[PDB]
Structures are given as C-alpha cells and as structure tokens.
Amino acid sequence: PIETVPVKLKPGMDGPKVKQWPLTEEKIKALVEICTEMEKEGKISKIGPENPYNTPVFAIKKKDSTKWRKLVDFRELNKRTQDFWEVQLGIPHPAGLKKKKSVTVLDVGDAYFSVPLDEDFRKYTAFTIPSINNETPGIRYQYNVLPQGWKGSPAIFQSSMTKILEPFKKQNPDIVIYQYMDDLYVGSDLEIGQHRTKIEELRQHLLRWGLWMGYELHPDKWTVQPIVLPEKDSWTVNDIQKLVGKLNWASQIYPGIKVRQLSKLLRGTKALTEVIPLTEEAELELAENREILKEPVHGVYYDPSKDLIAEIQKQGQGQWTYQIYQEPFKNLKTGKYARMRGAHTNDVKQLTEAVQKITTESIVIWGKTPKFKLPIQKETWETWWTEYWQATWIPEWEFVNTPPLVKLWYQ
Amino acid sequence: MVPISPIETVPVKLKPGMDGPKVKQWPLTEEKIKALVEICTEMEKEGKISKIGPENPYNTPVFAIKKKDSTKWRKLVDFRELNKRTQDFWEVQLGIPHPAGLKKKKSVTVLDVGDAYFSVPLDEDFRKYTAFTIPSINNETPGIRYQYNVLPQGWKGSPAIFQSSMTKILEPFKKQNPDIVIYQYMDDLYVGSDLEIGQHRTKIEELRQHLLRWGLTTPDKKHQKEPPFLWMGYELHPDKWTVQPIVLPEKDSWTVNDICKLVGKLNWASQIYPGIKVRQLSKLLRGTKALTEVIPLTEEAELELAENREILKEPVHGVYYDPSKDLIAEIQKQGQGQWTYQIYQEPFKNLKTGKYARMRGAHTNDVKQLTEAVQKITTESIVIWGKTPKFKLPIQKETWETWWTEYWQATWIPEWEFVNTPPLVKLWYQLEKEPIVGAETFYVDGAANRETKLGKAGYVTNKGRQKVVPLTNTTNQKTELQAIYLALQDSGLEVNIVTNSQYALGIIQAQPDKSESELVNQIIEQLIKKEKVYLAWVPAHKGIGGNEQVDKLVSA
DNA sequence: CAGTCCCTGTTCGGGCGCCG
DNA sequence: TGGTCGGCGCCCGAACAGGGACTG
Ligand SMILES: Nc1ncnc2c1ncn2[C@H]1C[C@H](O)[C@@H](COP(=O)(O)OP(=O)(O)OP(=O)(O)O)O1
Ligand SMILES: OC[C@H]1O[C@@](CO)(O[C@H]2O[C@H](CO)[C@@H](O)[C@H](O)[C@H]2O)[C@@H](O)[C@@H]1O
Ligand SMILES: [Mg+2]
Ligand SMILES: [Mg+2]
C-alpha cells in the first residue's frame with residue numbers, strides 16, 4: 001500500500017525484446033527455486049505470451065559466496081529508461097570516495113523488493129526461464145516490485161534510502177556512502193578493524209529497516225601504468241626501429257616527443273641485428289623523452305556528459321593492460337593487471353575478472369561504468385562469460401580484433 | 001449467454017490505431033469446397049464457430065490442405081493481413097527437444113491432443129476480427145460469414161497462446177506427480193515413468209481425465225501404448241532411438257530446388273549418421289538465379305553424394321542419456337574446413353553426431369576452426385543436457401599451448417584431452433620473436449595508383465639485393481602483400497622482413513593456413529618452407545633505413 | 001583537415017530440411 | 001490448382017559497419 005512512482009520509457013523507444021540464452025542445469029535449478037519463493041512472496045508473478053517484452057536472466061555466485069544469486073540482464077531496459085535515472089531521480093557522485101583508505105561494497109538489492117512498482121511499467125520487466133532439452137516451453141514472469149539490476153530501483157528507493165542512512169551519517173560525518181544500482185559503497189579513512197566494525201553498525205541499521213557483504217577495496221593503493229621505454233646497454237637496428245615506432249605512436253598522446261636524433265641512427269640499409277652505438281644527441285633525446293612520459297597529458301579532464309570507454313590488451317603471461325578514456329588519446333587512467341584468477345590457464349576467466357575490476361574502479365572514481373572494447377571473438381565471449389561473472393551489474397561491451405604492431409602499453 | 005466458456009483466455013489487442021482485416025476470398029475449386037463445407041458447419045454445433053450478421057465488416061481468405069498420412073482435412077486461414085495488424089507476442093517455444101536428452105524410462109506413453117487449436121478459446125473482444133465468408137459450388141449461393149470462438153490456424157498468436165495455455169493446465173498434474181516426465185511440444189505429449197507398466201497406464205488415463213476437465217481430448221487413434229514410439233520425427237525404442245527413414249531424391253538431372261531438398265535432408269540425417277558432408281553439394285548453389293534452373297553435378301559434389309548415400313545405407317542408432325556417466329565429445333578434421341563430432345558416454349555408443357563446416361573469415365587456420373567447433377558443441381550440449389562435455393581433440397597439448405598463449409585475442413577450450421587420431425591439427429609455421437642473426441634483411445614495400453590500378457612491389461636488402469616488379473590491376477594492400485611474397489621467394493631458409501604495412505602484418509601474424517586470396521595462399525606456401533621468419537613493422541615516411549629506400553623505388 | 005577506396009566482418013532475410 | 005502460423009537447424013548473398021591509407 002505504498003505509492004508507486006510512475007515511470008516511462010525514453011520517448012519514441014519501445015520495451016526490451018532480447019532472447020533468453022541457454023542455461024546450465026545448475027543455473028536453471030537455482031532460478032526455479034529462487035523464482036518459486038519470489039512468486040510465493042509476491043515479488044514476481046507469471047505472465048502470458050501477450051506481453052511482448054523479454055529480458056535475459058541467469059544466476060551468479062559472488063566471490064566466495066557459494067550461494068546462487070539471480071541476475072537479470074537489464075542493460076537493454078536501462079538504456080530505454082536512461083533519462084529517468086539520469087535526468088530526474090539520479091544520484092550525485094562523491095569525488096572523495098576514491099580517496100578513502102578503505103571502501104566496502106554492500107549488496108542492498110534486497111531492500112528494493114519492499115517498494116512496489118508502477119503497474120504500467122511491470123510489462124517491461126518480463127523474463128523467461130528456459131528448460132533443459134526444451135522439455136517445457138518458457139515459464140515467463142514479470143516483476144511486481146522494484147527489480148534488482150534495474151536502474152530505476154536505486155533512484156525510486158533513494159528517498160527511502162537516505163532516511164535509513166541519515167542516523168548513521170550524522171553519527172559518523174566523515175564516512176562517505178555512494179549508491180550504484182544494487183550496491184552500497186562505504187568509504188572510511190579509519191583503521192581496518194574500526195572500519196569493519198562501522199560496517200556492522202550500518203548493517204544492523206539496515207536490518208531494523210527490514211545481506212552480509214564482504215568485498216573490500218582500497219582505492220588509494222590503486223596506481224597507474226606509465227608508458228615506459230627500455231633501458232639497454234647496447235642497441236641493435238631492430239631495437240631502435242621498435243623504439244622509433246613506439247615513440248612515434250606515443251607522440252599522438254604526448255606532442256613533445258621527438259624522434260629526429262634517434263632516426264638518424266638508422267639512415268643506411270642495415271641488418272636488423274647490427275649493434276648501433278648511441279650518439280650523445282640520441283642519448284639526450286631519449287632522456288628528454290623518458291621524462292616527458294612521466295608527465296601527464298595536457299588538458300585531460302573527465303567530462304560528465306561523455307561516456308567512458310575501456311580498452312583492454314592481452315599482453316601474455318597473465319598480464320593485461322587497460323586504458324579508460326572519453327576522447328581518443330586523452331586517457332583518464334591506464335593500468336595493468338597481473339596474476340589474476342585463471343592466470344596461465346584461462347584467458348576468458350582472466351578477461352572477465354579484468355572487466356569486473358575495471359568497471360568497479362570506474363564506479364568508484366566516476367560513478368559510471370565504461371563501454372568495453374573486448375580483445376576476444378564474439379562467440380568465444382558469449383559462450384563462457386556468464387560462467388565467470390561474479391558482479392551484480394553488467395557493463396556494455398563490443399568486440400575488437402587489433403593485431404599489435406607495437407607494444408606501446410606493455411614492455 | 002449463447003456461447004459457453006471453458007478455460008482462461010488471453011487478452012489480445014490489435015496494434016494501436018489499426019482495424020480488422022478486410023480482403024476478398026480466393027476462387028476456391030469446388031472439389032476443395034466439399035471438404036470445407038462439411039467440417040465448417042460441424043464447428044458451429046460445438047461452439048467453435050459462430051454466424052455473424054453483416055454488422056461484421058471483415059473478410060479474410062480461407063483455404064485447406066489434407067493432413068499428411070490421413071484422410072482428414074486441415075482448416076487453415078490466411079491471416080497474413082491480420083497478423084500484420086495484430087499485437088506482437090513473445091514466443092515461448094525456445095527450441096526443439098532432442099531424443100539424446102531423454103533418460104531411459106521403464107514405461108513411455110505418447111499422446112496427442114485432438115483439435116488442440118480448436119479447444120482453446122480466443123479472446124472475446126478479438127473474436128470479431130476473425131470473420132471470413134464461406135464459398136459455394138456456384139457463385140449464386142452466397143455462403144455464411146463466420147467468426148472463430150477459439151484459436152484458429154494461420155494466425156500469428158495461435159502457437160504461443162496454445163503452448164502457454166497447455167503449460168498452465170499441465171502444471172497442477174506435474175506438481176501432484178513429481179516423478180513423471182512430461183515432454184510438452186505443442187499438443188504432442190511424451191509421458192515417461194519408472195512405474196511398472198500397469199501402474200503407468202493408471203497415471204496415463206488419470207492424466208487424460210485431467211486434460212478432459214479442460215476440454216482437451218486425447219483420441220485413442222494417436223495414443224501410443226506400445227514401442228517403438230513415433231515422436232518428433234524419431235523412432236523411440238526402450239534402449240535406443242533413430243531418425244525415421246529419410247528418402248533422398250534419385251533424379252538423373254538436378255535443378256536448383258532439387259539440391260536444396262537434398263542438402264536439407266543430409267543436415268537432418270547428420271544428427272545421428274556420422275560423417276555426412278554437404279560442402280561440395282552446397283558449392284553448386286552459390287550465386288544462382290532461378291530456383292527452377294537445372295545445374296550439372298561436378299565430380300566433387302558427385303563423389304561426395306556417393307559416399308553420403310552409402311553412409312545412410314547402414315542403419316545407425318543413438319542411445320539415451322545417463323546423468324551418472326560423463327559426457328564426451330570427440331572431433332575429427334574432415335578436410336576443406338569440414339569437421340564432424342560424436343557425443344557419447346560409453347565408447348562407441350553415440351548419443352548424437354554432428355558437423356561444423358562454417359568458413360569464417362577470409363584468412364584462417366585449423367586451430368581457430370577447431371575452437372569454433374568446440375564452442376558450437378558446447379552450446380548445443382548445454383541446450384540438450386545442461387552441461388559441457390569433456391572433449392577429445394586431435395590437437396597436441398603443446399600445439400594448443402603455443403597458439404593460445406601467443407595469440408593476441410582471448411581464447412580458451414574447456415577441459416579436454418589429446419586423441420592421437422590423424423589428421424592432427426597443428427600450426428604450419430612459427431614467426432620468430434627476435435631478429436635472426438646472420439639472416440638477410442629484406443626491406444619491402446609496394447604502392448599502387450588509385451586511378452590507373454597500376455603499381456610496383458619491391459625490396460632492398462642489407463647485402464645489396466634489390467628488386468622492383470610492375471603490377472597491373474592492383475591495390476596498395478595487394479602490392480604490400482606482393483612485396484612480402486617477393487622477399488620470401490628470393491630469400492634463403494632464414495630471413496628478416498621489414499614492412500610498414502599494418503594490413504599485411506596483421507594477416508600473417510595470425511598464422512593462417514588457408515585463405516580466400518590466392519596471393520596469401522602463396523605467401524603461406526613460402527612461410528611453411530622457411531626455417532626462420534622474422535616479420536617487423538616500422539612506420540612509413542619516417543626516414544627509417546631501408547624502408548625509406550624501398551618506398552622511393554615503388555612510389556615511382 | 002573531408003572523402004574516397006579497400007578490405008574485412010557482421011547482420012538479416014531468403015530458400016530448404018525438421019517439429020506441431 | 002499456386003496460397004497460413006510458430007519454433008529450431010544449414011548455407012547463401014546482399015546490405016551495412018568501420019578502420020587504414022591515401023588523395024585534394
Ligand atoms: N500446417 C499447419 N499450419 C498451421 N498450424 C499447424 C499446422 N500443423 C499443425 N499446426 C498446429 C495446429 C494444430 O492445432 C496443432 C497440432 O496439429 P496436429 O496435432 O497435427 O492436428 P490437430 O491437433 O489439429 O488435430 P488432430 O490431433 O485430431 O490430428 O499444431
Ligand atoms: O554480446 C552481444 C549480445 O548481447 C545481447 C544480449 O545479451 O545484447 C546485450 O549486450 C549488448 C552489448 O553490450 C547491449 O548493447 C545490449 O543492450 C544487451 O542486451 C545481444 O543483443 C547481443 O547479440
Ligand atoms: Mg493433435
Ligand atoms: Mg610506401
């Protein structure tokens with residue numbers, strides 16, 4: 001008996017129509033059990049084929065959880081609601097969250113089930129549950145409450161959320177709380193033990209309003225990956241050719257790069273393995289270059305209107321490099337990931353872990369998720385990615401195939 | 001209250017701001033008319049159909065065709081214009097059941113609902129739009145106008161509404177009988193239990209009573225008490241299954257439409273019959289105009305077709321699924337980008353077979369294609385069994401390790417072991433990571449004139465070797481490849497090659513063994529003969545070394 | 001600095017097979 | 001006679017996307 005906030009799609013945009021993909025027997029069993037209870041509790045109810053909208057559903061296990069979590073791929077719906085959760089009921093981003101020594105993330109998604117959902121909107125939350133070997137047709141549902149993973153859920157519940165938060169916030173003014181979809185980011189500068197304790201306090205505070213979370217981030221530890229030039233006692237013609245190509249590409253980012261004196265070293269028509277002594281002019285040109293690469297790019301600043309883009313490169317030996325930007329060659333961050341889960345045995349698990357970590361950093365730093373340019377074949381990613389996914393949100397991605405002429409990002 | 005209501009209906013709006021169909025009936029031949037008039041008059045007595053006064057301003061064509069393998073006739077309405085204006089549904093049929101999915105059952109019953117579409121009420125408000133006018137032996141007698149009271153055949157909402165309605169009725173029975181397996185596909189029901197045969201039939205009749213309560217009638221004629229059952233085009237036996245026999249046309253002269261049937265039959269056959277190959281038969285269909293046109297069979301499509309028929313000669317069968325035992329998929333390379341696979345649990349007792357022939361990319365190799373086949377098998381298995389089979393693959397463990405670790409794309413194969421069945425899948429050549437000491441260095445380049453299509457490809461080397469070759473009807477890309485081909489032709493067994501072509505370097509670094517382009521194939525041929533190749537890239541127009549010199553030569 | 005042309009890869013609708 | 005609906009599969013060709021290199 002709570003008022004239902006009306007919702008509408010962006011003008012001229014119909015609802016999502018996205019086929020359900022095949023599910024493993026364990027996931028189908030988990031979903032059937034989860035949906036049976038949710039139907040009993042009135043969160044969802046069965047629907048007919050007259051509803052023409054569908055969204056994909058599957059189940060995940062969060063890190064170390066061992067307990068299945070229902071997950072709906074609302075990316076298509078969220079794109080058609082976009083104006084709602086940005087233009088109107090959205091949330092501001094605490095620029096100070098990235099600065100806190102410790103940040104814990106809590107899944108408050110369950111809270112959203114309390115509030116009900118606009119009756120006119122429920123037609124768009126439809127999802128079909130598949131059956132093994134197509135024994136049965138698809139069992140369709142729709143949401144009667146605020147669904148997890150929809151972008152209207154945290155916005156509609158923001159009024160309710162702040163009141164629940166407000167006693168805690170006054171008690172600790174310094175602590176910073178940010179809400180992104182199903183997640184609550186809690187950033188303190190306290191020592192480890194005090195921090196964990198304050199999270200329990202905010203846990204109880206959530207409990208008496210009608211959920212345990214153990215995912216800890218330390219955004220101050222986070223560093224970047226500078227473009228680096230090799231140090232060599234002696235240089236072959238091949239080494240200088242590689243260096244000139246890397247520096248020339250880098251000059252699209254740092255305009256102060258100069259290759260003239262290094263080019264002079266390769267004037268002839270020379271065998272690649274011939275050793276070339278460096279001249280003083282090249283040593284100094286190389287020195288000045290290494291200094292420039294330590295510096296920042298001029299006039300790189302985040303723009304709230306523009307979308308974030310993430311690019312990833314597979315460097316081999318369990319190493320991955322990524323760049324986050326909005327404009328080409330204006331990079332807001334660049335990083336490297338090594339020795340992740342599945343290192344040296346599974347590229348897809350590692351790429352999946354990389355996408356998650358990068359999305360998390362973007363949420364903390366800018367309160368957005370980037371669109372990923374993934375170095376993988378579309379069919380390889382779609383076959384396996386859900387198997388390794390442990391997050392409650394899902395970024396946008398596209399697939400790219402760039403052979404690497406030069407290793408600019410890695411060494 | 002002239003018409004009774006039997007089961008819960010489904011609201012069905014029209015597309016907004018649009019109105020019901022009007023279009024005149026077909027000039028139906030009187031012979032068909034005899035069959036139609038008898039059945040249609042019968043419908044009104046049941047309440048399936050109702051007469052309408054001209055207050056109903058809607059007309060939609062009508063026709064009929066005989067039920068296959070029966071004397072009965074099928075009553076079908078060309079609702080193409082009504083579909084266009086009817087609201088969209090979400091189809092609930094997500095795929096086709098496969099017999100290899102089925103577990104062994106002691107007692108199996110297959111039963112068919114009768115007049116299944118005609119037993120499900122159409123939406124009350126929507127009933128008006130059905131209207132059609134019946135025809136007579138002459139054009140003198142007008143014929144009655146009729147509106148459906150139930151789901152009709154030829155509409156676009158009929159299958160989904162029936163399947164959803166059927167599932168709702170079944171759901172209470174399956175909750176009371178958790179240990180009965182009911183495969184529900186349209187109106188065909190497969191019922192299997194480990195109950196002893198007498199007890200199983202008790203449930204079967206009890207299920208028939210449950211369906212009877214909602215007006216669903218299962219005739220004895222389609223009841224299947226005794227094996228082998230006929231289900232979804234398969235023959236089901238207590239311990240095995242097979243496809244119902246497939247007849248392949250014998251024609252001495254083949255048209256285009258002929259090959260399509262043939263191909264499509266062989267694809268249906270390849271789910272159990274191992275080693276079916278359609279590559280050369282499909283080669284005949286590429287870039288043809290008329291479906292009617294006659295085409296002669298090459299000696300490749302003919303040889304293929306010969307052994308394809310002979311594979312079908314011997315009967316084969318699949319077994320059923322044992323959740324206790326592992327799933328195993330084995331793949332063989334069949335040549336010309338053709339792959340077949342077998343999925344089994346006990347050795348030599350196959351659950352099903354299949355083929356992956358898709359040519360993907362202009363340049364590729366066997367390792368990529370094997371990875372594609374693994375993915376297709378994995379997704380297919382998850383549909384049928386909900387798990388990924390263990391893989392037996394004709395590729396050495398070290399070959400795979402070399403490919404995936406070095407490739408720039410994320411790639412992966414699930415748990416698998418090596419099977420030493422030739423032909424083995426391997427990488428034909430390997431590019432060096434570092435420049436080769438004492439090997440001649442070829443600086444290569446090529447250019448071409450966009451207007452004339454004329455160009456040059458050439459090289460310069462540290463030893464002083466040089467070449468420039470004129471080319472006709474080419475492109476910049478093609479000359480950059482040509483330059484590399486020249487360096488490979490004119491070099492010893494070990495060679496360093498420096499190019500500024502990103503296009504060429506990308507093709508060659510992916511280690512392709514096959515290409516659509518003959519020029520790339522010739523480059524491959526040479527790469528295989530070398531002992532060591534180092535390819536390196538430099539940026540053009542930077543005044544680098546040999547690259548500047550060869551650039552001047554080819555630009556001229 | 002636009003505007004092409006190459007070249008590649010994706011998508012989508014057509015035909016057939018199969019099931020109601 | 002030629003003619004309907006939904007699902008899945010294959011193989012095709014055409015239409016479209018987009019990334020580099022080069023032309024003014
Ligand atoms: N060629 C078709 N065109 C349109 N719909 C069809 C066609 N064939 C089958 N269907 C649909 C409508 C049917 O109600 C349903 C089942 O078909 P089917 O079981 O073979 O016959 P039927 O149930 O209508 O009568 P019966 O069971 O007495 O043979 O599937
Ligand atoms: O991976 C592409 C594949 O995913 C689908 C559905 O899972 O689309 C989803 O992913 C896209 C790319 O991120 C989103 O743009 C889209 O909104 C989302 O549904 C399929 O549509 C597509 O084939
Ligand atoms: Mg029937
Ligand atoms: Mg040139």
Side-chain angles (χ1 to χ4, degrees), chain A residues 49 134 137-138 377-378 398-402, chain B residues 26-32 60-65 67-68 74-83 86 89-98 112-113 116-117 151-163 166 184-188 231-234 243-244 246 256-271 276 278-279 281-288 291 354-363 376 380 383 447-451 453 474-478 480 500-503 506-507 516-517 540-541:
Chain A
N134 294 115
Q377 218 68 23
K378 183 193 202 295
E398 72 182 49
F399 311 99
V400 309
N401 193 355
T402 304
Chain B
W26 283 110
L28 199 54
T29 318
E30 77 288 305
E31 50 190 10
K32 307 181 184 58
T60 172
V62 170
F63 72 103
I65 194 161
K67 289 188 176 181
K68 163 85 163 63
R74 177 155 240 119
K75 206 282 178 182
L76 301 175
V77 177
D78 191 312
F79 271 142
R80 279 182 288 179
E81 262 297 322
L82 176 55
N83 300 332
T86 315
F89 306 86
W90 190 261
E91 314 295 339
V92 294
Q93 198 71 67
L94 310 192
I96 306 180
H98 199 278
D112 187 335
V113 175
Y117 274 15
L151 282 186
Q153 304 187 33
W155 190 34
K156 84 168 182 179
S158 296
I161 288 179
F162 179 82
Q163 292 154 4
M166 182 74 200
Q184 174 214 332
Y185 185 89
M186 198 87 264
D187 69 328
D188 283 353
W231 179 79
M232 307 289 302
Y234 310 100
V243 288
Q244 293 168 25
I246 330 183
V256 168
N257 195 85
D258 295 12
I259 293 287
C260 298
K261 279 199 184 65
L262 185 55
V263 168
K265 248 75 176 308
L266 292 161
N267 289 323
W268 176 252
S270 79
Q271 63 179 301
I276 265 60
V278 211
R279 166 77 76 240
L281 281 163
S282 286
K283 248 183 175 179
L284 312 181
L285 282 167
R286 48 190 45 173
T288 315
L291 192 61
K355 53 181 172 59
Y356 176 80
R358 179 165 193 179
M359 173 50 169
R360 161 173 301 264
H363 332 288
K376 184 268 203 66
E380 164 176 347
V383 172
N449 187 277
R450 176 189 272 174
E451 302 86 41
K453 315 303 184 189
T474 183
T475 69
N476 279 320
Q477 294 84 330
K478 282 175 177 180
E480 291 162 0
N500 64 73
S501 166
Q502 311 182 12
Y503 166 72
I507 298 178
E516 288 162 8
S517 149
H541 311 132

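These values consider heavy atoms only, across backbone and side chains, with no hydrogens, waters or symmetry-generated copies. Note on naming: letters A, B, ... go to the chains in the order of the sequence lines (proteins, then strands), and numbering restarts at 1 for each one.
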- Apply side-chain contact (heavy atoms from CB on, under 4.5 Å) to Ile161(B) and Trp155(B), showing your working. CA-CA 11 Å; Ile161(B) 288 179; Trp155(B) 190 34; 3.9 Å; yes

Would you classify [X] as touching base, sugar-phosphate or nothing, given that sugar-phosphate means primed atoms plus P, OP1 and OP2, and contacts are heavy atoms under 4.0 Å?
X         : value
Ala447(B) : nothing
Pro27(B)  : base
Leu82(B)  : nothing
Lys376(B) : sugar-phosphate
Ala160(B) : nothing
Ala448(B) : nothing
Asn83(B)  : sugar-phosphate
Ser158(B) : nothing

- Any residue of residues 260-269 of chain B with a heavy atom less than 4.0 Å from an atom of DNA chain C: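 Result for residues 260-269 of chain B: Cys260(B), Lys261(B), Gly264(B), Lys265(B), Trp268(B), sorted by number.
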
Among [options], find the nucleotide with the atom closest to the side chain of [X].
X         : options                  : result
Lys453(B) : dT4(D), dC6(C), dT8(C)   : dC6(C)
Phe63(B)  : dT8(C), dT4(D), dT11(C)  : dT4(D)
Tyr185(B) : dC7(C), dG7(D), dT4(D)   : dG7(D)
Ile96(B)  : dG3(D), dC18(C), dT10(C) : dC18(C)
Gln477(B) : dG20(D), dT1(D), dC16(C) : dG20(D)
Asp78(B)  : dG6(D), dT1(D), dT4(D)   : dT4(D)
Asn257(B) : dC16(C), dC7(C), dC10(D) : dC16(C)
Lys32(B)  : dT1(D), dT8(C), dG6(D)   : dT1(D)
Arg450(B) : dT4(D), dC7(C), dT4(C)   : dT4(C)
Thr475(B) : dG2(D), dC19(C), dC7(C)  : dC7(C)

- Pairwise side-chain contact, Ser158(B) with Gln153(B), heavy-atom cut-off 4.5 Å (strictly under):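 No, their side chains stay 4.5 Å or more apart.
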
- Report yes if the side chains of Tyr234(B) and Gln244(B) come closer than 4.5 Å at any heavy-atom pair, otherwise no.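 Counting from C-beta outward, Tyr234(B) and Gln244(B) never come under 4.5 Å.
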
- Check the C1'-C2'-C3'-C4' sign on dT4(C) and let me know if the sugar comes out north or south.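 With a positive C1'-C2'-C3'-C4' torsion, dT4(C) is north.
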
- Query: In terms of the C1'-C2'-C3'-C4' torsion, is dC18(C) a north or a south sugar?
  - Reply: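 A north sugar, the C1'-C2'-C3'-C4' torsion of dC18(C) being greater than zero.
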
- Test side chain to side chain donor-acceptor pair (under 3.5 Å) applied to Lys156(B) - qualifying residues, sequence neighbours left out: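 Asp88(B).
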
Tabulate below the donor-acceptor pairs under 3.5 Å that side-chain atoms of residues 261-270 of chain B make, not counting sequence neighbours, or state none.
residue: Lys265(B); atom: NZ; partner: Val247(B); partner atom: O; Å: 2.8
residue: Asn267(B); atom: OD1; partner: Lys355(B); partner atom: NZ; Å: 2.5
residue: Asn267(B); atom: ND2; partner: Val263(B); partner atom: O; Å: 3.3
residue: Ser270(B); atom: OG; partner: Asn267(B); partner atom: O; Å: 3.0

- Roughly how far apart, to the nearest Å, are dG2(D) and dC18(C) at atom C1'?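 Pairwise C1' distance, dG2(D) against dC18(C), rounds to 24 Å.
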
